[PDB]
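Visitor: Here's a structure for you.
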Amino acid sequence: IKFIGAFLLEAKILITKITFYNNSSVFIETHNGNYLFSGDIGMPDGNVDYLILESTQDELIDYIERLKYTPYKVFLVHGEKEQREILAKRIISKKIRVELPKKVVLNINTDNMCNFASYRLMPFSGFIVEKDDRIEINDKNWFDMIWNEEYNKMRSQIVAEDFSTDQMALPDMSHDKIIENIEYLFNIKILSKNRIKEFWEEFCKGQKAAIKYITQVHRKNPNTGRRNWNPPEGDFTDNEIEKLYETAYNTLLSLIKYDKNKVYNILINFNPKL
Amino acid sequence: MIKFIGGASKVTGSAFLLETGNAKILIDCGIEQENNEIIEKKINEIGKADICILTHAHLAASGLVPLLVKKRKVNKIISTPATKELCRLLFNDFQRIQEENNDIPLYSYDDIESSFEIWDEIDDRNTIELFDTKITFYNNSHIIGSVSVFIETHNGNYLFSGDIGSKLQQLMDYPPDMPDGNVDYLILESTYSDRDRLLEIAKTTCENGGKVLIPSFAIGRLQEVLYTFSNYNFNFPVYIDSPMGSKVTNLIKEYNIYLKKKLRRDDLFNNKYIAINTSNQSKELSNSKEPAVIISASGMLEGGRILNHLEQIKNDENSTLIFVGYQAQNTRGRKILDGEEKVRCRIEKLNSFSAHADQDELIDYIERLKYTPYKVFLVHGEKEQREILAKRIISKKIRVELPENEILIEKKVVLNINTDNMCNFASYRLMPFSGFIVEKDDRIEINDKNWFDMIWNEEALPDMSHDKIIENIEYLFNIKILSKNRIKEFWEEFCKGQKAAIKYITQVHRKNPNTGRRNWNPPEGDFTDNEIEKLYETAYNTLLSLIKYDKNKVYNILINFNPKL
Amino acid sequence: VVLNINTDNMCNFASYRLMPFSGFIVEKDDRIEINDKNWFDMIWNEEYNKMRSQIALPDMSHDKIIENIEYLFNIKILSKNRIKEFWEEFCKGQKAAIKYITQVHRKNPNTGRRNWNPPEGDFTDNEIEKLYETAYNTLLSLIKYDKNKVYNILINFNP
Amino acid sequence: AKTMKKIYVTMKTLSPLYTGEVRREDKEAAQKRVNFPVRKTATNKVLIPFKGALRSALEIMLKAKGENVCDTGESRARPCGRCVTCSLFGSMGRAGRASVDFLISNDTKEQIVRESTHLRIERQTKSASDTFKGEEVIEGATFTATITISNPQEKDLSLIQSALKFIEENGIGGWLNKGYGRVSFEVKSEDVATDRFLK
Amino acid sequence: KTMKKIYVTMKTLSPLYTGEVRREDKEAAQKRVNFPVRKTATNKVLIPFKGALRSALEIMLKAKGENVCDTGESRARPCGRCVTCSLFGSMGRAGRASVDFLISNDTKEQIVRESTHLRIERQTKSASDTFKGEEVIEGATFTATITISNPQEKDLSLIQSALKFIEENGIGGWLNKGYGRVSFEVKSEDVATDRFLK
Amino acid sequence: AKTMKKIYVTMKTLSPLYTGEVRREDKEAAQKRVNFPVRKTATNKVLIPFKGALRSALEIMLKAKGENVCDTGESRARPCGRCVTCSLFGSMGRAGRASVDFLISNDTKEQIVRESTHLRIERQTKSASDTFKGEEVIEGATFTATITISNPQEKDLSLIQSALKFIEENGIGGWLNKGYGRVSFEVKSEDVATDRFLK
RNA sequence: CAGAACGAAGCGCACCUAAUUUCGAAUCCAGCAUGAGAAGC
Ligand SMILES: [Zn+2]
Ligand SMILES: [Zn+2]
Ligand SMILES: [Zn+2]
Ligand SMILES: [Zn+2]
């Protein structure tokens with residue numbers, strides 16, 4: 001029920017086999033329990049479940065102790081802060097539960113406890129996240145987790161010495177040798193459109209980032225023994241594959257020396273999008 | 001939602017399936033003796049249950065667990081430790097009977113062993129948090145290890161009572177321990193003092209020269225008839241004559257801490273119960289003439305070790321056959337009790353011993369709940385007794401659903417703290433708070449510090465210190481008394497409960513009378529016998545004082561030594 | 001407004017100097033202090049103990065740390081998995097990171113062994129335990145530094 | 001019309017689910033850690049493209065039944081307009097009556113999305129020759145959609161439910177040959193009135 | 001059109017190990033075990049199955065002289081003109097057989113047991129290393145379905161031959177030590193593609 | 001390659017055999033019946049670890065012969081890769097060519113496994129200072145395994161049958177210094193094709 | 001209100017270890033097609 005004043009229920013009866021009885025009281029039966037908004041008194045011979053009882057004494061206990069099948073809860077209303085409290089204490093003594101009147105709240109924390117002043121309680125400092133359908137209550141280890149996430153993403157966004165004019169000693173081979181080598185290493189699938197595109201992307205962020213990219217694709221891992229080039233398409237021998245990878249390294253490193261217009265005009269004959 | 005699988009007669013199987021939306025929790029998987037294929041089809045209907053809970057160790061509630069292990073429908077089997085140890089006698093005895101009666105075995109010994117492979121144990125008043133529920137066990141005064149399960153789910157709190165004991169149980173506490181919170185659904189089991197008269201008629205028979213054959217069940221009844229023959233200062237010897245019952249008597253003595261408060265914290269039966277181990281010593285008593293008490297156990301005189309004694313008692317006139325429990329149908333005990341057969345010995349019956357409670361005690365059980373339960377599902381018993389008890393429970397203004405026939409209880413979590421000033425950091429609408437989680441009935445409230453300022457404004461075990469416990473565990477860890485296997489096992493038993501930890505350390509520290517050996521690890525280095533005993537007693541006291549301390553504190557004390565437990 | 005953050009780790013993007021940050025803007029009396037993740041952990045412990053109440057690292061220089069880490073990554077005592085787990089426990093805090101390195105370096109009295117990966121290459125037992133103690137001292141001396149410098153040291157050995 | 005069929009679909013993953021990231025900024029800012037990101041919302045849920053799976057399911061099924069359904073899977077195919085898939089999911093002239101939502105998850109990407117490690121194992125060395133990481137959605141994760149047919153014909157639930165069994169036996173998105181994307185659908189249909197907001 | 005529906009049922013005749021791929025599950029378990037099993041969030045056990053069938057048919061058909069490519073060598077591009085590229089896939093044209101993950105018929109707590117493994121020194125015969133790893137019991141039943149989209153004739157035969165190869169060698173990991181010896185049972189049917197249309 | 005070598009090994013225990021249970025759940029359930037439970041399958045058959053006894057046997061003998069074998073029993077050792085015990089039983093980059101199967105009994109644990117009392121007697125008072133129980137496979141049980149060498153080389157049956165005599169002299173399992181594990185292997189070998197299953 | 005079967009006795013318990021390591025890439029694709037009017041003032 002919604003204790004607006006004037007109550008509410010769910011139909012939105014503002015106060016379903018309803019039946020009236022003299023309060024000298026409305027009996028709203030629902031499939032979800034048979035409510036009884038007693039109203040003011042100053043009784044159904046059947047199943048009650050919830051007794052919305054207006055407290056404003058012994059007469060209320062007499063009224064309660066004549067309902068067959070004593071109610072599960074007794075919402076106390078229309079009284080002051082002390083009146084609904086003292087009637088509540090008396091009804092708790094008669095072994096009947098009282099209740100003195102969106103997004104789900106899902107607590108994701110521990111269950112340690114205490115028995116403090118007849119109010120079982122636990123100290124928690126934490127966080128309250130609000131997902132669309134819920135408001136989770138989670139601990140600080142969650143905050144450490146999202147902090148490690150944001151740190152391990154934020155430190156991967158400025159690689160340093162990027163988009164900046166500085167500096168080298170890069171090798172040298174003519175524009176016709178760079179063209180021939182990139183042609184051969186595009187026919188055999190070592191230099192690909194993704195490789196050329198990522199090389200241009202890391203070349204725009206400085207010469208140094210392109211050197212780091214190319215030494216990251218040419219690093220033969222000391223454990224596995226696998227460079228991160230795409231393997232060649234053909235029937236080359238192991239020494240020949242090593243020489244082809246070395247030619248790829250030297251060609252791309254030599255292309256880093258040339259200016260950006262020349263690198264673009266060399267590398268849009270093999271991958272049109274950058 | 002609760003399903004009552006065979007909850008009318010308990011034959012053909014029995015079960016209480018509480019279906020939380022995150023968990024199918026089963027209680028009391030049992031069979032009542034009086035068939036197999038209907039038991040199988042009842043187990044098939046049950047479905048995959050995350051947990052089978054067993055109140056007591058009778059086959060009435062724990063007789064169908066290895067069959068659920070066979071069909072792989074059960075994933076955890078939680079019971080009390082005494083229920084585990086007793087079911088490791090009942091299950092083997094059931095399979096022995098099934099093979100010896102030449103009825104297709106309901107399960108196998110492998111099934112029993114796998115059931116104890118997936119068997120976790122927890123004691124009374126120790127809340128386990130499994131599958132969005134909170135399961136707490138509470139003593140109910142039946143046989144040892146029997147409990148009243150309290151499953152707290154978001155749909156409501158259910159108290160399954162099992163068999164509630166009577167006031168005449170001398171080895172358990174009379175007042176059955178209950179949840180101190182709100183029970184919403186009470187699954188109570190309906191029912192189905194001339195104890196001293198036992199002494200009188202036994203004093204009648206021995207002085208008249210004869211012996212006395214006393215039929216008894218092996219679970220609980222023989223061990224209480226034996227306590228009655230122990231406290232009474234009798235003159236003739238009492239002799240227990242049953243392999244399963246002598247084993248259960250040893251299990252009662254071993255699990256002393258899980259018994260009545262007077263008996264826990266000296267033999268429980270004050271010796272004088274000279275035990276017949278070999279069957280040759282049973283034929284000796286069958287042929288004997290010394291006037292003695294035979295607390296044996298074939299059950300209701302059907303099959304067992306009574307069956308040899310019974311002929312000799314039957315031919316004799318100056319003896320008696322005191323029946324104690326309920327004799328059932330198609331059973332010898334009834335036929336010699338109802339006079340189908342001609343007995344020469346007196347056939348007495350003492351209705352005082354009855355492990356099941358009466359009507360009034362069940363009414364007191366319902367009344368002593370803090371809030372009167374919304375519904376009382378009476379389940380087992382005779383139909384007529386259930387009608388009578390249902391009418392009286394209705395008279396006490398409580399709803400009864402007898403097992404031949406709905407408010408939506410929903411524990412909510414109110415927030416009660418300001419939520420206007422939130423921030424976004426990592427695509428999460430987050431807010432730091434410092435507050436207090438309060439656990440009310442039907443309502444878990446998170447409440448700010450202001451609530452606590454008003455709430456505050458308005459307002460056996462030995463005792464060592466933290467320093468001495470730390471120092472003595474360090475010393476007994478460096479002379480190799482407290483090992484890492486010992487600390488891990490102590491932590492496991494302490495997780496199983498404080499009385500389980502007391503039982504573990506008592507079992508280790510107990511110097512056996514015959515050998516003179518205690519199960520601690522001998523001390524490395526040069527120490528004399530008196531010094532070694534003074535170190536072992538230090539181990540006993542230092543670990544007993546740890547049991548008084550809280551769980552996290554024991555964990556923090558016992559993580560510098562065994563850093564994995 | 002006041003910066004309580006070390007202004008080191010300043011890179012050079014374009015013609016600007018930058019440092020990637022993740023922290024807390026506390027406001028008090030117009031000081032508006034831009035603190036870090038380390039103030040808030042202390043302040044969190046302050047409130048946690050307030051609620052729950054009412055109911056020396058060796059200084060090795062940066063070059064020594066880099067040299068010892070490079071040697072101990074090549075004799076395969078400091079592995080990539082080891083460096084990653086040290087980074088996780090350093091993220092969890094300095095005390096947890098000392099606890100992790102103490103756990104790894106601890107010679108069990110029963111087995112006589114430590115949880116470091118054994119040195120690859122031919123050594124003697126005294127040399128092997130000296131290399132283990134160098135691993136202990138180098139990582140414990142790394143705990144002394146701040147999170148950004150530890151990240152920049154360890155990213156050149158385990159990306 | 002005066003009626004509109006609203007099919008409320010609830011899908012539960014029975015296998016790990018992967019549907020890969022389409023947003024190039026998000027893919028290029030997650031291929032620093034995981035080689036196969038999953039497509040996610042900016043509200044940190046998981047999107048799955050549903051319409052094309054339904055159209056593909058009914059196209060494969062109704063070309064096998066012997067009906068006159070066209071193929072809109074072949075490259076730059078013109079949807080004809082005179083079949084049931086063109087009536088339900090759309091032609092070049094007309095638009096489809098069924099307005100299929102995405103399969104947005106109910107939970108966020110820290111309770112449903114895990115990073116896995118897949119391998120490529122050499123056949124004569126029985127050891128890893130490649131290692132990659134991938135993001136995936138856990139088993140028993142719940143996604144929701146709502147197909148909304150605007151001019152409701154009769155065989156329009158029995159076609160969208162017959163496709164939803166085809167997307168139970170085949171898969172919904174991603175690596176469906178390795179075993180991913182095996183799901184289960186639950187339909188609670190309803191034919192509302194079009195003017196149900198006016199009243 | 002039709003489709004083949006090969007239902008496979010696998011009973012473990014040996015302890016089985018497949019390592020957990022999910023990093024969060026591996027980190028959470030790796031405070032207790034040193035080698036977790038690949039487990040579903042529904043607490044079932046998930047073995048990969050496509051790679052085993054593909055590797056089985058690749059190793060087998062390379063011995064019969066048939067032109068099958070290698071998709072196991074590092075970053076190898078599949079050919080597209082082979083039986084393994086037809087039934088399991090190529091760069092363009094997906095594999096006709098949708099092979100499902102071998103999901104157990106039973107839960108983690110009934111079929112998965114923690115185990116203790118050792119490393120014994122060869123000259124002092126004493127345990128140098130100890131590592132706990134999870135293993136699937138002997139008797140556990142794992143069910144998968146193989147869904148061949150455009151069914152040819154030899155697909156069922158080659159899938160059954162691959163299943164006999166996995167029956168000999170193994171499924172999962174630790175295969176050199178005796179782990180993963182499993183038995184496969186096959187029930188195939190040719191279902192119509194339009195069998196869901198009413 | 002184009003062949004595989006199958007070695008079918010058949011062990012017949014001549015002394016009691018003990019290999020300890022490794023399962024935490026099976027050890028902790030049998031802590032009140034036997035203090036030393038044997039290693040058993042979940043089909044009640046006894047499981048002995050074979051790979052590890054063959055490798056240790058060949059490493060001991062080949063070190064004593066003067067060969068380049070390494071030691072994989074020293075703590076956290078790295079198999080070098082250039083041994084003949086690194087090609088047979090495996091390295092850290094290349095797997096073992098020999099797939100050694102567990103020794104699984106032909107009978108069950110109710111015909112071969114018996115529970116025994118072992119003692120520790122004082123050397124002065126000649127009395128049982130300690131009593132403990134253990135399980136032990138009987139003297140006459142039969143175990144069977146199968147070693148599949150994937151790339152058959154010349155010295156692989158001559159090297160496995162040389163480690164088998166070392167296990168026949170030393171023992172397999174536990175308690176080998178007090179008399180347990182004395183066995184007798186019988187071997188039947190065959191060269192199969194790799195394409196015997198392709199039909 | 002459920003299980004129940006040529007001699008003795010004792011005993012059936014301890015301990016350690018539960019780590020370490022590699023790799024976490026590669027490739028393709030990024031198109032088309034329709035429509036540009038109709039009124040009012
Ligand atoms: Zn009972
Ligand atoms: Zn069309
Ligand atoms: Zn191919
Ligand atoms: Zn080697």
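Letters A, B, ... go to the chains of the structure tokens in the order shown; residues in each chain start at 1; ligands are counted from 1 in the same order.
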Which residues are close to segment 125-131 of chain F, i.e. within 12 Å by only C-alpha atoms (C1' of nucleotides), leaving aside same-chain residues fewer than 2 positions away? Reply as a PyMOL selection string.
Guide: (chain B and resi 514-519) or (chain F and resi 34-35+116-123+133-134) or (chain G and resi 10-14)
Visitor: For the residues selected in the previous step, produce a file with C-alpha atoms (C1' of nucleotides) as a PDB file, in the first residue's frame.
Guide:
ATOM      1  CA  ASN B 514      45.208 -47.911  27.325  1.00  0.00           C
ATOM      2  CA  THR B 515      48.040 -46.484  25.214  1.00  0.00           C
ATOM      3  CA  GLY B 516      48.755 -43.204  26.994  1.00  0.00           C
ATOM      4  CA  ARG B 517      49.011 -41.266  23.735  1.00  0.00           C
ATOM      5  CA  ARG B 518      47.566 -37.891  22.800  1.00  0.00           C
ATOM      6  CA  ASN B 519      47.037 -37.098  19.112  1.00  0.00           C
TER       7      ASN B 519
ATOM      8  CA  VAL F  34      41.917 -45.174   5.949  1.00  0.00           C
ATOM      9  CA  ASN F  35      44.733 -42.742   6.637  1.00  0.00           C
ATOM     10  CA  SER F 116      45.886 -52.693   6.038  1.00  0.00           C
ATOM     11  CA  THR F 117      47.327 -51.835   9.443  1.00  0.00           C
ATOM     12  CA  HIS F 118      50.871 -50.504   9.455  1.00  0.00           C
ATOM     13  CA  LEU F 119      52.812 -49.932  12.651  1.00  0.00           C
ATOM     14  CA  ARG F 120      55.703 -48.090  14.240  1.00  0.00           C
ATOM     15  CA  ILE F 121      57.322 -50.256  16.925  1.00  0.00           C
ATOM     16  CA  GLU F 122      59.526 -48.842  19.701  1.00  0.00           C
ATOM     17  CA  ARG F 123      63.093 -50.109  19.482  1.00  0.00           C
ATOM     18  CA  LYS F 133      45.755 -47.694   8.240  1.00  0.00           C
ATOM     19  CA  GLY F 134      46.381 -47.546   4.518  1.00  0.00           C
TER      20      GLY F 134
ATOM     21  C1'   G G  10      45.171 -52.155  22.964  1.00  0.00           C
ATOM     22  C1'   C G  11      45.887 -48.859  18.820  1.00  0.00           C
ATOM     23  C1'   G G  12      44.441 -47.031  13.748  1.00  0.00           C
ATOM     24  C1'   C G  13      48.080 -40.940  14.269  1.00  0.00           C
ATOM     25  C1'   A G  14      51.230 -37.407  12.585  1.00  0.00           C
TER      26        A G  14
END
Visitor: Residues at most 7 Å from ligand 4, using only C-alpha atoms (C1' of nucleotides) and all ligand atoms? Could they come as a tab-separated table (two decimals) with N, CA, C and O atoms, in the first residue's frame?
Guide:
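What landed in pocket-v3.tsv:
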chain	number	residue	atom	x	y	z
F	69	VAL	N	71.15	-35.48	-21.10
F	69	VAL	CA	69.81	-35.32	-20.56
F	69	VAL	C	69.82	-34.30	-19.43
F	69	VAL	O	70.83	-34.11	-18.73
F	70	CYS	N	68.69	-33.62	-19.26
F	70	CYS	CA	68.53	-32.67	-18.18
F	70	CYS	C	67.74	-33.31	-17.05
F	70	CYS	O	67.33	-34.47	-17.12
F	79	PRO	N	62.91	-27.77	-18.94
F	79	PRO	CA	63.41	-28.75	-19.90
F	79	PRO	C	64.11	-28.04	-21.05
F	79	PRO	O	63.60	-27.08	-21.62
F	80	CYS	N	65.33	-28.51	-21.34
F	80	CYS	CA	66.22	-27.79	-22.24
F	80	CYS	C	65.75	-27.86	-23.69
F	80	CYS	O	65.74	-26.85	-24.39
F	81	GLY	N	65.36	-29.04	-24.15
F	81	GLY	CA	64.82	-29.17	-25.49
F	81	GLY	C	65.64	-30.05	-26.41
F	81	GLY	O	65.16	-30.48	-27.45
F	82	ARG	N	66.90	-30.31	-26.03
F	82	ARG	CA	67.82	-31.06	-26.86
F	82	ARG	C	68.18	-32.42	-26.27
F	82	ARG	O	69.15	-33.04	-26.69
F	83	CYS	N	67.41	-32.89	-25.28
F	83	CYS	CA	67.61	-34.22	-24.74
F	83	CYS	C	66.81	-35.23	-25.56
F	83	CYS	O	66.06	-34.88	-26.47
F	85	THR	N	65.02	-37.33	-23.53
F	85	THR	CA	63.88	-37.27	-22.64
F	85	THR	C	63.10	-35.97	-22.80
F	85	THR	O	62.04	-35.82	-22.19
F	86	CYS	N	63.61	-35.03	-23.59
F	86	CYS	CA	62.91	-33.81	-23.93
F	86	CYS	C	62.14	-33.94	-25.24
F	86	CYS	O	61.23	-33.14	-25.50
F	91	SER	N	59.31	-30.85	-23.80
F	91	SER	CA	60.02	-29.65	-23.40
F	91	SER	C	59.00	-28.55	-23.12
F	91	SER	O	57.80	-28.80	-23.12
Visitor: Pull out every residue of chain F that has at least one atom within 10 Å of chain B, counting only C-alpha atoms, and report them as a VMD selection string.
Guide: chain F and resid 24 to 30 42 to 44 128 to 130
Visitor: Take the selection from the previous step and output its residues with N, CA and C atoms, as a CSV table (one decimal), in the first residue's frame.
Guide:
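And here is the file that came out, part-v8.csv:
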chain,number,residue,atom,x,y,z
F,24,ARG,N,41.3,-33.9,-3.2
F,24,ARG,CA,41.1,-33.3,-1.8
F,24,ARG,C,39.7,-33.8,-1.3
F,25,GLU,N,38.7,-33.9,-2.2
F,25,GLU,CA,37.4,-34.4,-1.8
F,25,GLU,C,37.4,-35.9,-1.4
F,26,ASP,N,38.2,-36.7,-2.2
F,26,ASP,CA,38.3,-38.1,-1.9
F,26,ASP,C,39.3,-38.4,-0.7
F,27,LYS,N,40.3,-37.5,-0.5
F,27,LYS,CA,41.1,-37.7,0.7
F,27,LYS,C,40.3,-37.3,2.0
F,28,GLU,N,39.6,-36.2,1.9
F,28,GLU,CA,38.9,-35.7,3.1
F,28,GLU,C,37.7,-36.5,3.5
F,29,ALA,N,37.1,-37.2,2.5
F,29,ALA,CA,36.0,-38.1,2.8
F,29,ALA,C,36.5,-39.5,3.4
F,30,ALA,N,37.6,-40.0,2.9
F,30,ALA,CA,38.3,-41.1,3.5
F,30,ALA,C,39.4,-40.7,4.4
F,42,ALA,N,36.9,-42.3,-10.6
F,42,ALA,CA,35.5,-42.3,-10.2
F,42,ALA,C,34.7,-43.4,-10.8
F,43,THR,N,35.3,-44.3,-11.5
F,43,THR,CA,34.7,-45.6,-11.9
F,43,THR,C,35.3,-46.7,-11.1
F,44,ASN,N,35.8,-46.4,-9.9
F,44,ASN,CA,36.3,-47.3,-8.9
F,44,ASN,C,37.5,-48.2,-9.3
F,128,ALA,N,53.8,-51.3,19.9
F,128,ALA,CA,53.2,-50.5,18.8
F,128,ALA,C,53.1,-49.1,19.3
F,129,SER,N,54.1,-48.3,18.9
F,129,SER,CA,54.1,-46.9,19.3
F,129,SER,C,53.1,-46.1,18.5
F,130,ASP,N,53.0,-46.4,17.2
F,130,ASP,CA,52.0,-45.8,16.3
F,130,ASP,C,51.3,-46.9,15.5
Visitor: Which residues are near residue 166 of chain E? Cut-off 9 Å, only C-alpha atoms (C1' of nucleotides), ignore same chain within fewer than 3 positions. Put them as a list in words.
Guide: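 These residues fall inside the cut-off: residues 52, 53, 56, 161, 162, 163, 169, 170, 171, 180, 181, 182, 183 and 184 of chain E.
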Visitor: Can you work out which residues are within 9 Å of ligand 1, considering only C-alpha atoms (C1' of nucleotides) and all ligand atoms, and then hand them over as a ChimeraX atom specification?
Guide: /B:55-61,142-143,146,162-165,355-356 /G:1
Visitor: Could you give me the residues within 10 Å of ligand 3, counting only C-alpha atoms (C1' of nucleotides) and all ligand atoms, as a ChimeraX atom specification?
Guide: /E:58,67-71,77-91
Visitor: Please produce, as JSON lines, a per-residue contact table for chain F versus chain A (criterion: any atom at most 12 Å away, only C-alpha atoms considered), showing the nearest atom pair and its distance in Å to one decimal, sorted by chain then residue number.
Guide:
{"residue": "F:92", "atom": "CA", "partner": "A:223", "partner_atom": "CA", "distance": 10.0}
{"residue": "F:93", "atom": "CA", "partner": "A:224", "partner_atom": "CA", "distance": 7.7}
{"residue": "F:94", "atom": "CA", "partner": "A:224", "partner_atom": "CA", "distance": 10.7}
Visitor: Identify, on the basis of only C-alpha atoms (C1' of nucleotides), every residue whose closest approach to residue 104 of chain C does not exceed 9 Å; exclude the query and any residue fewer than 4 positions from it along the same chain; express the result as a PyMOL selection string.
Guide: chain C and resi 99-100+114-116+136
Visitor: Within chain C, find each residue whose DSSP state, derived from the backbone, is alpha helix (DSSP H), and express the selection as an NGL selection string.
Guide: :C and (37-53 or 62-74 or 80-92 or 94-105 or 125-143 or 147-154)
Visitor: Pairing every Cα of chain F with chain D in order, what RMSD remains after the least-squares superposition?
Guide: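 C-alpha RMSD after least-squares superposition: 0.4 Å.
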Visitor: I'd like the contact shell of residue 175 of chain A - 12 Å cut-off, only C-alpha atoms (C1' of nucleotides), skipping same-chain residues fewer than 6 positions apart - returned as a PyMOL selection string.
Guide: chain A and resi 181-182+251-252+254-259+262-263+265-267
Visitor: Would you output that residue set with C-alpha atoms, as a PDB file, in the first residue's frame?
Guide:
ATOM      1  CA  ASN A 181      60.424  -3.572 -51.914  1.00  0.00           C
ATOM      2  CA  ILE A 182      56.935  -2.461 -50.831  1.00  0.00           C
ATOM      3  CA  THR A 251      62.271  -0.561 -46.166  1.00  0.00           C
ATOM      4  CA  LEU A 252      59.808   0.815 -43.622  1.00  0.00           C
ATOM      5  CA  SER A 254      63.993   4.033 -44.651  1.00  0.00           C
ATOM      6  CA  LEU A 255      60.525   5.297 -45.575  1.00  0.00           C
ATOM      7  CA  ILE A 256      60.336   7.013 -42.147  1.00  0.00           C
ATOM      8  CA  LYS A 257      63.193   9.320 -43.281  1.00  0.00           C
ATOM      9  CA  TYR A 258      61.234  10.626 -46.288  1.00  0.00           C
ATOM     10  CA  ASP A 259      58.805  13.491 -45.779  1.00  0.00           C
ATOM     11  CA  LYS A 262      56.325  11.206 -50.137  1.00  0.00           C
ATOM     12  CA  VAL A 263      55.310   8.562 -47.577  1.00  0.00           C
ATOM     13  CA  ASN A 265      52.234   9.125 -52.163  1.00  0.00           C
ATOM     14  CA  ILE A 266      54.172   5.879 -51.824  1.00  0.00           C
ATOM     15  CA  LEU A 267      51.599   4.274 -49.507  1.00  0.00           C
TER      16      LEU A 267
END
Visitor: Could you check how far atom CA of residue 148 of chain E sits from atom CA of residue 164 of chain D, in Å to one decimal?
Guide: 18.7 Å
Visitor: Tell me, as an NGL selection string, which residues lie within 12 Å of residue 29 of chain G, counting only C-alpha atoms (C1' of nucleotides); anything in the same chain fewer than 3 positions away does not count.
Guide: (:A and (193-194)) or (:D and (75)) or (:E and (91-92))
Visitor: Could you write out as a list in words the residues of chain A within 6 Å of chain B, counting only C-alpha atoms?
Guide: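 Using only C-alpha atoms, chain A residues at most 6 Å from chain B: residues 32, 33, 68, 69, 70, 72, 95, 96, 105, 120, 121, 122, 123, 124, 125, 126, 127, 128, 129 and 130 of chain A.
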Visitor: Which of these, E:65, E:151, E:133, E:48, has the shortest distance to chain G once you count only C-alpha atoms (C1' of nucleotides)?
Guide: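 For chain G, the nearest of the candidates is E:133.
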